[PDB]
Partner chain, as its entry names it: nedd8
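Only one chain is shown below, in structure tokens, and it's the form solved without the partner chain.
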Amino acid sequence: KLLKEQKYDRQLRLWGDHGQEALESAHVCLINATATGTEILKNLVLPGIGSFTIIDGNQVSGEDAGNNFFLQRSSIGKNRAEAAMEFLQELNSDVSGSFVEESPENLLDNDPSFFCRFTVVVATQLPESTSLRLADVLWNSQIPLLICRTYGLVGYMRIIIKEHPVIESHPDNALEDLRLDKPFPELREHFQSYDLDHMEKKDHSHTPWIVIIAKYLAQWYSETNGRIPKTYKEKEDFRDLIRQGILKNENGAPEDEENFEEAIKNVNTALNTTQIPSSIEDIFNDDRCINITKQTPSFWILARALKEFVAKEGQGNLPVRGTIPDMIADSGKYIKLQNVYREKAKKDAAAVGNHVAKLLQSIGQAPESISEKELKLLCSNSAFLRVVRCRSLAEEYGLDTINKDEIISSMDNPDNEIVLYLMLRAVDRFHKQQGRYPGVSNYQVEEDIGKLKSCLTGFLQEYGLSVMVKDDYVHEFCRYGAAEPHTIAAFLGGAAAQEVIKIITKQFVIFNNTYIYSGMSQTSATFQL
């Protein structure tokens, strides 16, 4: 317990004790233990996933032992799952490892419900057919799935989760909820309490910039009546209005007042901040939010609650976040100013609580099936809520469901990474047609180029994709010879591991479908296939 707190300190500062809890209670499943899989897994064991189970039905080969940090020469010939677990388990004693010397197909044949014992399933290096078979089962079982393939210098990753909603999305550089444009009562009161004109100098130069801008925004408002949204004019004149309030020294020339400087540098992003985000409106207007039932997930309940609030006590606004950035000011004024927002945030959260309770009533779900902590967190991130819904793998492969729009448009650029996707599809055709991958042997390359070029055309015409694929890519993909280069597997293993942690912890925001990485150019892209 205390051992863990010390061990996991650097990450607890990222997803907190609650994420760590979600992490330590999960059970992930890895399909094959190639370099790609042991790399993903290692990134899950280190931080401490509750437990894992490798499922490989193959044996270690000279090359497996050569590109995998969790397979030794001594394991050549033995079961890959068994041997990988031996070394992966060594990574963290708090993680309970396990395996099954069976393959995905066999398991799909006998006990499909087997995968229902996992929080998430990570499948790596799977051929088209096994992937679709597995995808269908997990989808109907509502089991989260991540498919990962390393092929030469290309990394591929596809996530499949019916619905993944999140509250705590951890936005980077979000706009502070200052409410300077739609000030609530207590904040209006607070600003009036200030008199910049008649006031000692030390207090003048130590007034929070929010107060400063507040002061001047009312002056500019009681005159013109505008709000100042025209960037290099209205906002620029405003910055001047503010710059003219800077006290002058005994000599006449203005003095050094960092707080006013701060007010100035902030006008750009401080005048417009109170507005409901697109994503929130879309959440509000979604069916799972408007039509509540007995099965409605706690998230959609809190979503509707937020909506009701926006309707009443909110006055078309989300509850005050409660926090403000630091800003040069005396302690007293800063704390007093912050308490106003804090107090206000508390008032708004209670109102949201009511709407929630009232919702749980006309549902009879429970009295408090939602801790008050979930309520305080929801009010803090009300503007940052996010919902992701992935297509099924079936929709992607369907002849009438395929997203040809996205693929056609992307191909406008003959080098978009969507070609790598296309080549992967074709390479797979080459594997079903021929019973092997192209270019494996130095002598097959040249001949395979033509066979693969043909599998591609077949694949394209079949889905009605009139896109031009440069010959270089066909040649390049034969040149790969199905290799699973370690550094490429490591890149995808860090990337995939973190997406799995996002699923388990429900905290940041997952990519919405397919991520393709190109080690050749070191570029990547996300697509909604």
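Take the two forms, superpose them, and find the largest set of C-alpha atoms that agree within 1.5 Å; that set is the rigid core. Positions refer to the first chain, counted from 1.
Just so you know, the form solved in complex with the partner chain exists too; it's not on screen, but the next bit is about it.
J.: Using a 4.5 Å heavy atom cut-off, which of 174-182, 396-404, 450-458, 103-111 contacts the partner chain in the deposited complex?
T.: Of the options, only 174-182 has residues within 4.5 Å of the partner.
J.: Is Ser98 part of the interface with the partner chain in the deposited complex - any heavy atom within 4.5 Å?
T.: No - in the deposited complex, heavy atoms of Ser98 and the partner chain never come within 4.5 Å of each other.
J.: In the deposited complex, is there a heavy atom of the partner chain that lies within 4.5 Å of any heavy atom of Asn268, even though the partner is absent here?
T.: Answer yes; at least one heavy atom of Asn268 falls within 4.5 Å of the partner chain in the deposited complex.
J.: Would you classify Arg239 as touching the partner chain in the deposited complex, given a 4.5 Å non-hydrogen atom cut-off?
T.: Residue-level check for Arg239: yes, a contact with the partner chain.
J.: Is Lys162 close to the partner chain in the deposited complex, meaning a heavy atom pair under 4.5 Å apart or at it?
T.: No, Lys162 stays farther than 4.5 Å from the partner chain in the deposited complex.
J.: Looking at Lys235, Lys358, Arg243, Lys347, which has any heavy atom no more than 4.5 Å from the partner chain in the deposited complex?
T.: Here the answer is residue option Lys235.
J.: Core-aligned, between the shown form and the other one, one residue among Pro127, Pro229, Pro277, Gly458 moves its CA by 2 Å or more. Tell me which.
T.: Once the cores are aligned, the residue moving by 2 Å or more is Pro229.
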